[PDB]
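Undergrad: So that we are looking at the same thing, I have put the structure below in structure tokens.
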Amino acid sequence: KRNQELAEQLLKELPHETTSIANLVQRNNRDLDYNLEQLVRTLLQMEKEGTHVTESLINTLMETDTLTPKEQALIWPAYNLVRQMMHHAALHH
Amino acid sequence: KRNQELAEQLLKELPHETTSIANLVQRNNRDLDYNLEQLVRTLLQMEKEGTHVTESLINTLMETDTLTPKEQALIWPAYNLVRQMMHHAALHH
Amino acid sequence: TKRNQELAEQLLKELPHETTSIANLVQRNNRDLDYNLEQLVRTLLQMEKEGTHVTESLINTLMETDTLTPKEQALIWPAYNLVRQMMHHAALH
Amino acid sequence: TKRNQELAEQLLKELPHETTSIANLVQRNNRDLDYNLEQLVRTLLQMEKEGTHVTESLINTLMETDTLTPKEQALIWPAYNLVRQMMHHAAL
Amino acid sequence: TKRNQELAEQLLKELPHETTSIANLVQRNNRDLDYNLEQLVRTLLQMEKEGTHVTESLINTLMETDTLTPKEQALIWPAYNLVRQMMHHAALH
Amino acid sequence: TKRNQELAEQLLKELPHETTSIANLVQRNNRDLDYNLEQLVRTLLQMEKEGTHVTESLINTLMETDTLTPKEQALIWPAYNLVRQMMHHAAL
């Protein structure tokens, strides 16, 4: 009933093509980068409030089921980056 | 050890602020819009290949555990939109 | 006269940018889904506020015995997932 | 827990502004009318460009035949009026 | 002379846009995580290709008895999740 | 299942281009050197603007005191050379 040609025509008119594997990786990188920046901000909010961010704090946050699986996947990279940022801010010039 | 002031300063230097509730909704809308467009494309790929997209096809795709939970959440809105698009493409002028 | 044709040709260049018909059908469908999702999210948070904890089993019971409309049932899981994210986000911060 | 209730109460204040259901039905209908009007205006100007002069009689003939969809027939006169305004506005 | 100062002031306006130090630390950390994640994803797909099906229990066993490096263990779950998405995406399409 | 293996084999061909580990260590080190060089160049020009003329003797004094980090000391001469080129290039 011309249904196949209609579909073929709609597919050309659709804004974005079907996502490549390369585009799935890029999209997943952006999502990890977004979630990592929120975790970094959460950990620095704790540091600002007077809860010092240490390996032991991260271990206790992990033991306590506080964090989503996506957060638990990124909590160590967030920890590493927070430490780098705290050390960078410490040095003069 | 000036750790709180360091954290307070880093938080001002961070590109994006902590995400509002409004921004969580906007971000969730963009993710639903992205996943809906991919589902619409998958269903139209089926229509192009000669698998007619009907309420019964969607029921069978749902019975068979083929789709992720996020896909199952959007398969009916994708179905509705595919039907609208197929009907819009059918009419002359 | 060909004056009329040139006037029309000039007006066609000056017309505001127009989304294609299919692209506008998608955008319009996204806005409608986003609006209906935000109402459901509000309804579920109203339940939580009043002391009815929003859980997978509450959603199952509301769906059994037809307490939700078919339009609600279409979006109830995305609404549920977003409410859970929001309750977790509020618990931090 | 009382914590869950207060969290929900706080989230309800933080939720983006929501148009009431009736107000949103109007707004949505305005957007759709504006979109369909601008398509019809473009279609009528495409005809003018191709050498079909856009007149009251052309609109009557398009209506008397089922050449237009119901949605188009609803907006064809406002599209006609606007096309005439635009043709008059052009090259004053 | 104040010639030297004005020359410097002019050069400072002409210098390419510079990301702030903290923003560059984030960007650099994202690139490193993205690179290491893509290597792990490749390693896991190589296993799948060779006939070792990539499952939650395989990841658990590789993590127990220290078969993965600490740097691998840091990203193994995000790699796992992405491999699962990619295998599901390839099954459609 | 043989299906899983072929899917993986196909995904491996579709994966974005990956620099080898050694090549990526070089590229990453180049980006970091380029970034830290441009910061030092900016710092030296900020000094020139403020009235501290940038000379070989100033760089020697900055080095002889532990005023610079190890990363800065590694790049201070290339930053100096580039600042001198830029000051000479400006107002030829």
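All residue names refer to the structure tokens as shown: chains lettered A, B, ... in order, residues numbered from 1 in each chain, ligands numbered from 1 in order.
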Looking only at alpha helix (DSSP H) from DSSP on the backbone, list the matching residues of region 19-88 of chain A as number ranges by chain.
TA: A: 21-49, 55-63, 69-88
Undergrad: Could you work out which residues of chain C fall inside 8 Å of chain A? Count only C-alpha atoms, and format the result as an MDAnalysis selection string.
TA: chainID C and resid 22:23 92:93
Undergrad: Next, dump the selected residues to file, keeping only N, CA, C and O atoms, as a PDB file, in the first residue's frame.
TA:
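Result file follows (again06.pdb):
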ATOM      1  N   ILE C  22       7.094  17.390   9.108  1.00  0.00           N
ATOM      2  CA  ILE C  22       7.456  16.201   9.930  1.00  0.00           C
ATOM      3  C   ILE C  22       8.204  16.664  11.198  1.00  0.00           C
ATOM      4  O   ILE C  22       7.796  16.268  12.289  1.00  0.00           O
ATOM      5  N   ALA C  23       9.220  17.520  11.049  1.00  0.00           N
ATOM      6  CA  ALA C  23      10.007  18.063  12.171  1.00  0.00           C
ATOM      7  C   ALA C  23       9.063  18.745  13.156  1.00  0.00           C
ATOM      8  O   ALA C  23       9.305  18.620  14.357  1.00  0.00           O
ATOM      9  N   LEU C  92      20.663  14.536  48.601  1.00  0.00           N
ATOM     10  CA  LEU C  92      21.946  15.283  48.481  1.00  0.00           C
ATOM     11  C   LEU C  92      21.507  16.728  48.230  1.00  0.00           C
ATOM     12  O   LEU C  92      20.463  16.896  47.582  1.00  0.00           O
ATOM     13  N   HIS C  93      22.209  17.753  48.702  1.00  0.00           N
ATOM     14  CA  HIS C  93      21.840  19.164  48.384  1.00  0.00           C
ATOM     15  C   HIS C  93      20.693  19.581  49.312  1.00  0.00           C
ATOM     16  O   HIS C  93      19.597  19.749  48.769  1.00  0.00           O
TER      17      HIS C  93
END
Undergrad: Select all residues from chain D having any atom no more than 9 Å from an atom of chain C (counting only C-alpha atoms, ignoring ligands), output as a PyMOL selection string.
TA: chain D and resi 1-12+15-16+18-19+24+28+31-32+35+38-39+42+45-53+86-87+90-91
Undergrad: Could you turn the residues from that selection into a file that holds C-alpha atoms, as a short mmCIF file (atom, residue, chain, number, x, y, z; two decimals), in the first residue's frame?
TA:
data_model
loop_
_atom_site.label_atom_id
_atom_site.label_comp_id
_atom_site.auth_asym_id
_atom_site.auth_seq_id
_atom_site.Cartn_x
_atom_site.Cartn_y
_atom_site.Cartn_z
CA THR D 1 9.42 8.93 57.06
CA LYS D 2 8.66 12.65 57.57
CA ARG D 3 11.92 13.32 55.57
CA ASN D 4 10.31 11.92 52.35
CA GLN D 5 7.24 14.23 52.80
CA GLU D 6 9.33 17.41 53.33
CA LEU D 7 11.58 16.47 50.32
CA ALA D 8 8.40 16.15 48.15
CA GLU D 9 7.01 19.46 49.57
CA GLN D 10 10.33 21.20 48.67
CA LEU D 11 10.49 19.60 45.15
CA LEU D 12 6.86 20.82 44.52
CA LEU D 15 9.15 22.45 39.90
CA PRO D 16 9.16 24.66 36.78
CA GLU D 18 3.16 24.79 34.86
CA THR D 19 0.41 26.38 32.75
CA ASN D 24 -2.19 25.00 27.89
CA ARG D 28 -1.06 24.56 22.11
CA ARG D 31 1.00 27.29 18.17
CA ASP D 32 -0.65 24.73 15.83
CA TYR D 35 2.21 26.87 12.19
CA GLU D 38 2.33 30.02 7.88
CA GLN D 39 2.41 26.78 5.74
CA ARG D 42 3.87 29.82 1.88
CA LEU D 45 2.85 32.56 -2.34
CA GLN D 46 4.40 29.48 -4.14
CA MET D 47 1.27 29.55 -6.40
CA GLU D 48 1.67 33.35 -7.01
CA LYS D 49 5.37 32.78 -7.91
CA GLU D 50 4.39 29.96 -10.38
CA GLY D 51 1.89 32.34 -12.14
CA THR D 52 -1.40 31.37 -10.37
CA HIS D 53 -2.59 34.84 -9.16
CA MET D 86 2.05 40.95 2.10
CA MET D 87 1.64 41.46 -1.71
CA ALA D 90 5.81 44.49 -1.00
CA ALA D 91 7.10 47.25 -3.36
#
Undergrad: Could you tell me how far CA of residue 91 (chain B) sits from CA of residue 66 (chain D), in Å to one decimal place?
TA: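 Separation between CA of residue 66 (chain D) and CA of residue 91 (chain B): 12.2 Å.
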Undergrad: Residues of chain A were defined as contacting chain B if any atom lay at most 10 Å from it, counting only C-alpha atoms; please report them as a count of residues only.
TA: 41
Undergrad: Mind fitting chain D onto chain F over all Cα atoms in sequence order and sending the result as a PDB file with C-alpha atoms, in the first residue's frame?
TA:
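The resulting file, result17.pdb, is reproduced below:
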ATOM      1  CA  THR D   1      25.530 -18.087  20.597  1.00  0.00           C
ATOM      2  CA  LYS D   2      27.431 -17.410  17.331  1.00  0.00           C
ATOM      3  CA  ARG D   3      25.153 -14.286  16.961  1.00  0.00           C
ATOM      4  CA  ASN D   4      26.834 -12.612  20.007  1.00  0.00           C
ATOM      5  CA  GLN D   5      30.337 -13.238  18.501  1.00  0.00           C
ATOM      6  CA  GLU D   6      29.453 -11.768  15.062  1.00  0.00           C
ATOM      7  CA  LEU D   7      27.740  -8.737  16.761  1.00  0.00           C
ATOM      8  CA  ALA D   8      30.999  -8.120  18.749  1.00  0.00           C
ATOM      9  CA  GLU D   9      33.116  -8.606  15.553  1.00  0.00           C
ATOM     10  CA  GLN D  10      30.921  -6.015  13.739  1.00  0.00           C
ATOM     11  CA  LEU D  11      30.991  -3.520  16.704  1.00  0.00           C
ATOM     12  CA  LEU D  12      34.867  -3.817  16.756  1.00  0.00           C
ATOM     13  CA  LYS D  13      34.985  -2.561  13.093  1.00  0.00           C
ATOM     14  CA  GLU D  14      32.425   0.270  13.877  1.00  0.00           C
ATOM     15  CA  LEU D  15      34.386   1.563  16.989  1.00  0.00           C
ATOM     16  CA  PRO D  16      35.861   5.056  16.527  1.00  0.00           C
ATOM     17  CA  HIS D  17      39.585   5.212  15.550  1.00  0.00           C
ATOM     18  CA  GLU D  18      41.774   4.626  18.641  1.00  0.00           C
ATOM     19  CA  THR D  19      45.309   6.048  18.861  1.00  0.00           C
ATOM     20  CA  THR D  20      47.799   3.384  20.134  1.00  0.00           C
ATOM     21  CA  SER D  21      48.778   3.787  23.816  1.00  0.00           C
ATOM     22  CA  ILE D  22      52.303   5.252  23.122  1.00  0.00           C
ATOM     23  CA  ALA D  23      50.987   7.644  20.399  1.00  0.00           C
ATOM     24  CA  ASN D  24      48.259   8.791  22.875  1.00  0.00           C
ATOM     25  CA  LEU D  25      50.849   9.366  25.647  1.00  0.00           C
ATOM     26  CA  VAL D  26      52.732  11.695  23.216  1.00  0.00           C
ATOM     27  CA  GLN D  27      49.536  13.520  22.039  1.00  0.00           C
ATOM     28  CA  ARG D  28      48.366  13.988  25.666  1.00  0.00           C
ATOM     29  CA  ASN D  29      51.795  15.299  26.721  1.00  0.00           C
ATOM     30  CA  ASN D  30      51.817  17.750  23.711  1.00  0.00           C
ATOM     31  CA  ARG D  31      48.343  19.112  24.687  1.00  0.00           C
ATOM     32  CA  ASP D  32      49.455  19.588  28.336  1.00  0.00           C
ATOM     33  CA  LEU D  33      52.808  21.279  27.354  1.00  0.00           C
ATOM     34  CA  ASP D  34      50.951  23.557  24.846  1.00  0.00           C
ATOM     35  CA  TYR D  35      48.420  24.520  27.553  1.00  0.00           C
ATOM     36  CA  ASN D  36      51.083  25.181  30.270  1.00  0.00           C
ATOM     37  CA  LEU D  37      53.316  27.107  27.761  1.00  0.00           C
ATOM     38  CA  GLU D  38      50.390  29.426  26.806  1.00  0.00           C
ATOM     39  CA  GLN D  39      49.643  30.092  30.562  1.00  0.00           C
ATOM     40  CA  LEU D  40      53.341  30.999  31.184  1.00  0.00           C
ATOM     41  CA  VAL D  41      53.390  33.245  28.063  1.00  0.00           C
ATOM     42  CA  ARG D  42      50.259  35.049  29.415  1.00  0.00           C
ATOM     43  CA  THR D  43      51.886  35.349  32.937  1.00  0.00           C
ATOM     44  CA  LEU D  44      55.097  36.839  31.417  1.00  0.00           C
ATOM     45  CA  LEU D  45      53.092  39.328  29.245  1.00  0.00           C
ATOM     46  CA  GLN D  46      50.994  40.279  32.377  1.00  0.00           C
ATOM     47  CA  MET D  47      54.362  41.136  34.058  1.00  0.00           C
ATOM     48  CA  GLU D  48      55.480  43.206  30.987  1.00  0.00           C
ATOM     49  CA  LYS D  49      52.122  45.079  31.063  1.00  0.00           C
ATOM     50  CA  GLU D  50      52.555  45.810  34.843  1.00  0.00           C
ATOM     51  CA  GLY D  51      56.062  47.317  34.178  1.00  0.00           C
ATOM     52  CA  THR D  52      58.310  44.271  34.918  1.00  0.00           C
ATOM     53  CA  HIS D  53      60.359  44.095  31.650  1.00  0.00           C
ATOM     54  CA  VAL D  54      60.823  40.413  30.637  1.00  0.00           C
ATOM     55  CA  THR D  55      64.601  39.734  30.270  1.00  0.00           C
ATOM     56  CA  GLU D  56      67.007  36.756  30.532  1.00  0.00           C
ATOM     57  CA  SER D  57      68.013  38.138  34.009  1.00  0.00           C
ATOM     58  CA  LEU D  58      64.357  38.177  35.267  1.00  0.00           C
ATOM     59  CA  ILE D  59      63.974  34.500  34.186  1.00  0.00           C
ATOM     60  CA  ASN D  60      67.288  33.625  35.953  1.00  0.00           C
ATOM     61  CA  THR D  61      66.070  35.350  39.190  1.00  0.00           C
ATOM     62  CA  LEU D  62      62.620  33.622  38.978  1.00  0.00           C
ATOM     63  CA  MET D  63      64.523  30.247  38.664  1.00  0.00           C
ATOM     64  CA  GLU D  64      67.220  30.918  41.380  1.00  0.00           C
ATOM     65  CA  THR D  65      64.353  31.532  43.910  1.00  0.00           C
ATOM     66  CA  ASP D  66      61.756  28.670  44.055  1.00  0.00           C
ATOM     67  CA  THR D  67      59.162  31.208  42.702  1.00  0.00           C
ATOM     68  CA  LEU D  68      58.239  28.744  39.810  1.00  0.00           C
ATOM     69  CA  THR D  69      56.757  25.185  40.053  1.00  0.00           C
ATOM     70  CA  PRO D  70      58.771  22.300  38.484  1.00  0.00           C
ATOM     71  CA  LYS D  71      56.275  22.278  35.511  1.00  0.00           C
ATOM     72  CA  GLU D  72      56.839  26.055  35.045  1.00  0.00           C
ATOM     73  CA  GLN D  73      60.682  25.693  35.276  1.00  0.00           C
ATOM     74  CA  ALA D  74      60.500  22.991  32.539  1.00  0.00           C
ATOM     75  CA  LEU D  75      58.778  25.524  30.121  1.00  0.00           C
ATOM     76  CA  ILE D  76      60.028  28.967  31.311  1.00  0.00           C
ATOM     77  CA  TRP D  77      62.716  29.344  28.555  1.00  0.00           C
ATOM     78  CA  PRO D  78      60.393  28.379  25.640  1.00  0.00           C
ATOM     79  CA  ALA D  79      57.796  30.818  27.164  1.00  0.00           C
ATOM     80  CA  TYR D  80      60.555  33.505  27.397  1.00  0.00           C
ATOM     81  CA  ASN D  81      61.672  32.907  23.749  1.00  0.00           C
ATOM     82  CA  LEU D  82      58.041  33.110  22.500  1.00  0.00           C
ATOM     83  CA  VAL D  83      57.320  36.330  24.557  1.00  0.00           C
ATOM     84  CA  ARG D  84      60.461  37.951  23.016  1.00  0.00           C
ATOM     85  CA  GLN D  85      59.333  36.877  19.468  1.00  0.00           C
ATOM     86  CA  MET D  86      55.810  38.337  20.166  1.00  0.00           C
ATOM     87  CA  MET D  87      57.211  41.653  21.586  1.00  0.00           C
ATOM     88  CA  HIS D  88      59.499  41.974  18.469  1.00  0.00           C
ATOM     89  CA  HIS D  89      56.602  40.972  16.076  1.00  0.00           C
ATOM     90  CA  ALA D  90      54.346  43.649  17.722  1.00  0.00           C
ATOM     91  CA  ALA D  91      54.680  47.151  16.157  1.00  0.00           C
ATOM     92  CA  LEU D  92      57.287  46.191  13.433  1.00  0.00           C
TER      93      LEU D  92
END
Undergrad: CA of residue 77 (chain A) to CA of residue 75 (chain E): how many Å, to one decimal?
TA: 8.7 Å
Undergrad: Near region 30-33 of chain B, counting only C-alpha atoms, which residues have an atom at most 12 Å away, once you skip same-chain residues fewer than 5 positions from it, shown as a VMD selection string?
TA: (chain A and resid 16 27 to 28 31) or (chain B and resid 23 to 25 38 to 40 70 to 75 77 to 78 81) or (chain C and resid 26 to 34 37 75 78 to 79 81 to 82)
Undergrad: In Å, rounded to a single decimal, give me how far CA of residue 79 (chain B) is from CA of residue 59 (chain B).
TA: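 Those two atoms sit 10.8 Å apart.
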